[PDB]
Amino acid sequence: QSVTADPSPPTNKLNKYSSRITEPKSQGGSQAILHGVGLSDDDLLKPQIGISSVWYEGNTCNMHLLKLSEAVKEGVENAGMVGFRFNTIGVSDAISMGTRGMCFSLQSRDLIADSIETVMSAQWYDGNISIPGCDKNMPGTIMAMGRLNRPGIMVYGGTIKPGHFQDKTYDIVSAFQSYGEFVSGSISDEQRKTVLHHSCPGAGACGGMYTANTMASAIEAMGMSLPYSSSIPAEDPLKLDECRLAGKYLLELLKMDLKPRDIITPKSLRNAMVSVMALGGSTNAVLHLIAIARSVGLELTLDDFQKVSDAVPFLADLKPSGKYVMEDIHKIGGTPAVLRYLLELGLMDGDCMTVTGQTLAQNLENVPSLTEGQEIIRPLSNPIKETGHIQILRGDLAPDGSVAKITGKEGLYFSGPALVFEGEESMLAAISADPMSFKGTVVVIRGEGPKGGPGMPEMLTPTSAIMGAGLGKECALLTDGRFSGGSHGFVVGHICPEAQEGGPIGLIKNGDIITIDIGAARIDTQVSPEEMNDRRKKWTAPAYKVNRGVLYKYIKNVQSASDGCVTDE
């Protein structure tokens, strides 16, 4: 598609956009403001870099990003350019998890994209350096870069370090699990409170291979971050050094005029996907990479993810699936060492251009390989799973697609009577009151999609409640929303069409025999197509849960999960 969104420049000029306001006499107003903010006449000749951080104080993932932003600005000035900082909003999935505040999470990606697009366009900045630090922030910044197509680099804020106390390790997942362990009797209240005080020891994104590190790693593999960006910890002095170098790299991108639509291509999108499959990355990457692909006028379907999943084995022994965390990847050569191995295996396209001004292959020629003896990244001949974790399922109940994380440890089939709930809350009340009624069932939590939720909330409490009741492998879990963790069993999200839109998931009744088949890739119902059609004629959409504000705008704008929940088409 031909993307028309933002202003064109008015060709070896480095100030292609800012010249619109710095050069003409008829933009004297603009120049007056710029003198006011501290620019000399000589400064007006230089390129202007929009430096977009997602700093805020109330989240560990984001509290350090103002300091990083200052270091990016200093490096832009050291590279002979003007650096102009601005800052957008973000939200904390870790804070808002288990609450209605989670309805505002996914849409913050799209709000972030709109924010950066807005400032870059209005202020006529020539290039962008973005400093996201948390889940949704990362793709939001890349989407903005794709829309604008101005030279850009994403500096990942970096991963949090695991907490340590009295020779035990903790992360955010320890803190989530602590409640269930207390209720079951596995730990005391004092041990519970100890976990909370030592789970998050400083700044940076959640530590394992959840969405932040998945997306950071993916975006490095896509060529839109500098080498090591995804693997250097937040509090590591090298992160600050990377910040101070971004300016030098971006200067070179302006000389080359190497733009996001030159770097983000079908092949580099594939490279990103390869990294998700190899590292055991989150199912959320499906939504985010589709959104990134659309931002540059390219197509990316659920089927494309299945093909890359089938082609690429799961190799990384990393949480949540495995043992180690993102800090351990840093110790054995970082993300470049991982990607170097995948390139040597023939799994990636080396000729894709990157933000270094060189190709992926060129970047990876000159990096140390995975440390001899390391046990984190398995060899090709002994993978953790022969294909990727990410599985696309269709069938009667998800005719437009759905996404699941499949380890290989759960078997190929599950069949059981449907147990249907109209939101998360009613599911949690039922399993609390009568846990044994869930045994052998296919649990359906519906009305939690993009429009129905609203906001397509991510839900953790259902899987942990199932685990806490001892029913992990003894029931399946289906939703039009999203789930956070694995149940050691069949857990499917992103079911399309969502129940709010009258998809078959909205027509399921209690007792319907639902059969999940992984080999066939189908979520089927024993109810006849005719009886499902009769139910469809009786069905009417429930009223929207909001009538005003940002979530009502989301309801009006958002596309399906199968289309990456894009809001601007």
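The numbering used is simple: start at 1 and walk along the sequence shown.
Unmodelled residues of the deposited sequence between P24 and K25: none, the chain being continuous. Note on 326 to 334 vs 494 to 502: mean CA B-factor is higher in 326 to 334. Just going by the entry, 116 to 124 versus 345 to 353 on mean CA temperature factor gives the higher value to 345 to 353. For the set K73, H488, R482, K136, the PDB entry assigns the largest Cα B-factor to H488.
Remark: of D517, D43, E530, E57, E530 shows the highest value [criterion: C-alpha B-factor in the PDB entry]. When all modelled residues of the chain are sorted by CA temperature factor, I445 is found within the middle third. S174: CA B factor lies in the highest third for its chain, per the PDB record.
Per the PDB record, residue ranking by Cα B-factor puts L65 in the lowest third of the chain. Among all modelled residues in this chain, the alpha-carbon of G408 has a temperature factor (C-alpha) in the highest third.
Per-chain ranking of the deposited C-alpha B factor places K267 in the middle third.
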